[PDB]
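Working notes for the structure below.
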Amino acid sequence: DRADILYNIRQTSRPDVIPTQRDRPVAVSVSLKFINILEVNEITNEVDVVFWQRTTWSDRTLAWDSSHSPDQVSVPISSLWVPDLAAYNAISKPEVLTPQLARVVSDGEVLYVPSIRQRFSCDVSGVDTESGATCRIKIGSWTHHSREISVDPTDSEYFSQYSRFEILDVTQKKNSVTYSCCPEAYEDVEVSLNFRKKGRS
Amino acid sequence: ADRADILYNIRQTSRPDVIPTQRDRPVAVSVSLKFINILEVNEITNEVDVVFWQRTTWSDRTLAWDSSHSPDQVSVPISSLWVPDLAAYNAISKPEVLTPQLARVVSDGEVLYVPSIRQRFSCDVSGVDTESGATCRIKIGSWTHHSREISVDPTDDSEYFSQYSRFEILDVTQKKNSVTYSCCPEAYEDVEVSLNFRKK
Amino acid sequence: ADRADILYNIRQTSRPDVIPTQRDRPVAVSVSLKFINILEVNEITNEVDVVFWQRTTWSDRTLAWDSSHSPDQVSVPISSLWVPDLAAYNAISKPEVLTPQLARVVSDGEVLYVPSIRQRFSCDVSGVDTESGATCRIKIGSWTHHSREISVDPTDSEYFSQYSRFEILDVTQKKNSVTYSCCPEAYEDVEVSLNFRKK
Amino acid sequence: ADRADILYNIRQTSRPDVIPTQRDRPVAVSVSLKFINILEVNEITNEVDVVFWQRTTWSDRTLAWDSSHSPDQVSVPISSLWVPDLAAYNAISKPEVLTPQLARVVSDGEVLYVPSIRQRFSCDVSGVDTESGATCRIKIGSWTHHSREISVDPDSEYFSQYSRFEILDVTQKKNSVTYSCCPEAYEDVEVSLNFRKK
Amino acid sequence: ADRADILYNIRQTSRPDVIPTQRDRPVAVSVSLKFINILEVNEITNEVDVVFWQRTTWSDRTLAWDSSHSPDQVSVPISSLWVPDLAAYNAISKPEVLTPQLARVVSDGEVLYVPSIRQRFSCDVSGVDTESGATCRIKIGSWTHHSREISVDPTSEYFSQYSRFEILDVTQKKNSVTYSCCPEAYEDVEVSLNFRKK
Ligand SMILES: O=c1c(-c2cccc(C(F)(F)F)c2)c([O-])[n+](Cc2cncnc2)c2ccccn12
Ligand SMILES: O=c1c(-c2cccc(C(F)(F)F)c2)c([O-])[n+](Cc2cncnc2)c2ccccn12
Ligand SMILES: O=c1c(-c2cccc(C(F)(F)F)c2)c([O-])[n+](Cc2cncnc2)c2ccccn12
Ligand SMILES: O=c1c(-c2cccc(C(F)(F)F)c2)c([O-])[n+](Cc2cncnc2)c2ccccn12
Ligand SMILES: O=c1c(-c2cccc(C(F)(F)F)c2)c([O-])[n+](Cc2cncnc2)c2ccccn12
């Protein structure tokens, strides 16, 4: 039953241990679904956004036989390993608006979907034009290079109809960063939010 | 059995991280908002700042005790209990719980949690400064539990509403509804709360 | 018994999650506000930001010790004691506790907690800029314990900042109760009436 | 004895929740403010936002060790030590501690805590824009410990040259408060910050 | 040894509250700021709000393992590790850490911590609106560990192109503070940010 699955996850899950299988990186899939654009400052080039960060990976150490059991449970993220994802151009801490629970599937797949409100330093020039602003948000692992975490990406279906802004396009492009000190490459997703003020002349 | 024994027993049996589903039946969560205050409304950004009592009740039959010779209710910290992972889909701020985070547990295993919440929402503020007012829709449901695991059930709309708000309540309707994501067949149940209000 | 022994014994006997009801009786919680400052008033939104000392006392007789040859009082962190779940019904912010979260426990089992609280209320600010002033009513009771489990008992500008832009005309503290349609249970509150004005 | 042994001894003997009174004698807490910055002043609301180093020292002789062949000081998290429950009576914000919450424990049992605090006060800002300046009084004492348990014992060397304000004088005077109910006296330091706009 | 074994061993051996001094030598802390953004500048109050990457490295040799047949690096929560008690002497807000609080531990016992910090400083903003710009000096050192216990050593590539400011020059110079009372010297890095409005 659910209590047994959660008891077993709590005994075997190592929240502090990246679940690398053999020498393979953990494949972290990351998509933003934009829900709202709250505050835009064309002078300071800062945006306040709310997005669903759809995050999935496989931790095969969590797997169980579900032929005669539930094949999914909700688990507090404090009981699981979670990727140390960070937005490189964030200027506030991510504010998680929703309960900090992941779904764990019996094959060991983990789904985490926090609703995040966060402020970014990005190109706001053009927000009050027809072609709009393009704000680029770079999200990757802060401490795990490409041999440990790989980042995989997967338009306004969930965007508030009541925002003063409308979304023209969202592009999600794989990319990587390297710091001259070390040979290590860190994978990121570059998310390009092309948006503008509604109801211009 | 005295209060200390009831709380000792809850601490031994309660599994805060385990939904109390009885066989494969969903946990029936009842959710009502009582609006207490409307603090800030922005017609331009379509954002409201409200204070509401979220009356939340469910059954966790693993907590039940014989109360023929004991108290039939205790106050328990929610950190000792399983609580539904309810979230407002159109919230744009964290829920600010203004009150002590205690539930009442009844000897039949019923749990009552009534946080006073201050939160900001993105919703329709058009018409707020007119006679017929705005209608702001607040969608609250389980974030991670689909309809087979949690079912959400709604139940004098300004009985507790501050007479000192700049706004007044015309009507509150509470309608059952559900959300579904393209990927998956799973339905997540919500209550849609329709707050019809206006400037005084 | 020295201070370390009194604190060791409180830590063994205190159940922070268990209301200390003696022989089925409600716990008698005594609550007074002493207003220290009025920081921001908004006559348009009807909101006030205040600083007050919330003098709170009750009896937990399970904590009592023989003090004929011992200290008759210690300071204890409130995380080691049961504390009443008091809330202000018309608060629009969390209480911001400005002071160390310590109670005094007396050898007879009396507990004194006096947090300095900064909090915002929704209340009547009309008249603040007149001679007779505004009357802001702050309703404080137990959130979860009805009258058979907690009773709230009350007891003006002696400690009010001389440097506030406002001054206090009168504070009245009256017992009252709330009851919900659903249930016969009554929840006790103190209504505190702060009559103040701009200087 | 290495640092880990000194800290393991402190950790096993220190009772964070127990005031270290020797027999019936109060703990002598020494408190000085060193003003670092005056950030915001409001002559209408009479409110000041200040940054100060709160130099705090007392003795816990039960922690002492022989340091003839050992370090004579360690840094210890304050959560492992008893710390005086000091509060500013005219504070209108919670103290924002800007620095790591570590004390120094010296081998004779002296404890030194020097948090950098940013806090807002309700105090006399009248005269700030004049040559003789404002005098803002900050009362700091034990919140819960009367004079038989804690006694409190008391200018621009470190004041930011980039403040809009400058310090004319800091006075630190011992004082005490008493509540009508009870015979108990609570000791405080009154700190008088005489300052003005430059 | 796999990752789980190395992290289990670090968790068993780490002493978060014990400075890892090797022999009687100070711990060599290396500190560089990489400026990412300048958010708010106030030429009247002389206050700046900045975002920087604080590159911090030191050695804790007790954490070391044989990595000839193992991963030579893991990510560890800083709450499991000793971390230098670094503070900015002219900060006027708490450091706001924007990134996951994880360090890298290398098999030789080297620890790398790179928090992204947003913090407000009191410093010289005069000249920000001119061609030669302002020079804002940020002093960062150990708050509680003198020069015999911690030594601090320094060494627009990542600066946002979308700031309304631009960086002309960053200087990182070793320095020290001493308090008249005591012979103890506290080592700091003085970081000189020369910047201007675009
Ligand atoms: O967008 C989603 C998704 C979702 C949709 C598609 C793909 C993915 C995946 F992750 F695959 F990319 C996740 C979704 O599943 N939940 C339910 C959920 C949440 N947390 C954990 N488990 C389930 C919610 C709930 C609220 C809002 C958006 N939610
Ligand atoms: O600037 C850096 C560095 C870095 C670069 C040069 C020197 C040093 C050292 F440490 F040598 F000074 C560290 C870097 O390594 N990581 C990876 C990292 C993060 N946290 C902990 N350890 C490593 C990141 C990651 C994100 C942004 C900037 N990062
Ligand atoms: O609205 C309520 C209710 C209440 C009323 C009717 C239905 C429900 C239920 F929950 F049934 F829907 C709950 C109520 O009970 N408490 C007391 C309480 C609080 N928390 C926990 N248990 C009880 C309070 C207390 C303060 C303010 C509003 N309170
Ligand atoms: O008002 C008071 C009181 C006090 C005065 C009268 C009645 C009561 C009682 F509580 F009886 F109603 C308490 C007072 O006692 N302390 C000391 C104290 C503090 N906290 C805990 N215990 C004691 C302080 C300390 C600072 C400011 C105001 N304080
Ligand atoms: O002003 C001081 C002092 C100091 C100076 C004189 C008297 C006292 C005492 F406390 F004796 F009154 C303490 C000083 O020592 N430290 C080092 C220190 C820090 N924290 C804890 N212990 C020591 C610092 C560190 C930074 C800034 C100012 N610091």
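Just follow the structure's listing: the first ligand is 1, and inside any ligand the first atom is 1. All chains are named by letter (A, B, ...) in the order of the sequence lines, taking the proteins before the strands, and each is independently numbered beginning at 1.
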List the closest protein heavy-atom neighbour of [atom]: residue, atom name, distance to the nearest 0.1 Å.
atom                    : answer
atom 20 (N) of ligand 5 : E/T144 CG2, 3.5 Å
atom 23 (C) of ligand 3 : B/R104 CG, 3.6 Å
atom 3 (C) of ligand 3  : B/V114 CG2, 4.1 Å
atom 15 (O) of ligand 1 : B/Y188 OH, 4.2 Å
atom 21 (C) of ligand 3 : B/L112 O, 3.3 Å
atom 26 (C) of ligand 3 : C/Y180 OH, 3.1 Å

Answer yes or no: does an N/O atom from B/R55 fall short of 3.5 Å to an N/O atom of ligand 3? yes
Check whether any heavy atom of A/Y112 sits under 4.0 Å from an atom of ligand 1. no
Backbone of B/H146 reached by a side-chain donor or acceptor of B/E186 within 3.5 Å: no
Within the side chain of E/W143, is there an N or O that forms a donor-acceptor pair under 3.5 Å with the backbone of E/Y89? no
Walk me through whether E/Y186 and E/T178 qualify under side chain to side chain contact (heavy atoms under 4.5 Å, CB included). CA-CA 6 Å; E/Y186 302 82; E/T178 303; over 6 Å; no
Aromatic rings B/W82 and B/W58: how do their planes relate, parallel, tilted or perpendicular, breaks at 30° and 60°? perpendicular
Note: A/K174-A/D152 ion pair, threshold 4.0 Å (strictly below): no
For D/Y158, state whether at least one heavy atom is located under 4.0 Å from any atom of ligand 5. no
Consider only side-chain N and O atoms of D/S67 and D/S107, and report whether a donor and an acceptor are under 3.5 Å apart. yes
Is there a donor-acceptor contact under 3.5 Å linking the side chains of B/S14 and B/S80? no
For A/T56, counting its heavy atoms only, list the atoms of ligand 1 lying under 4.0 Å from any of them. 9 (C), 10 (F), 11 (F), 12 (F)
Output the list of atoms in ligand 1 that are nearer than 4.0 Å to some heavy atom of B/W143, sorted by atom number. 17 (C), 18 (C), 19 (C), 25 (C), 26 (C), 27 (C)
The residue among B/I140, B/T57, B/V191, B/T56 that forms side-chain contact (heavy atoms from CB on, under 4.5 Å) with B/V29 is B/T56
